[PDB]
């Protein structure tokens, strides 16, 4: 609803370090839809416990490969456009 379905359903090619992060949570291809990139990023965040019960909508990614890719120590999962922009920086 923040991001149009057509944009979510577009095939993208992750840059190599984003691909490394996706491959770490079982993703086995060179290209994905934006929606699949976001799914695997979700799986990664939940696996590495980059969250906190005190602030349940904040990803805490400082000193993690995710924080290096996105250029921030933390971000809000409610800011979908800002998150898409951070992912576009990591697509070929």
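Positions refer to the first chain, counted from 1.
- Comparing 27-35 with 57-65, the stretch with the higher mean C-alpha B-factor in the PDB entry is 27-35.
- Residue-level temperature factors show residue 8 in the middle third of its chain, judged at the C-alpha atom.
- Annotation for residue 91: C-alpha temperature factor in the middle third relative to the rest of the modelled chain, per the entry.
- Residue 19: CA B factor lies in the highest third for its chain, per the PDB record.
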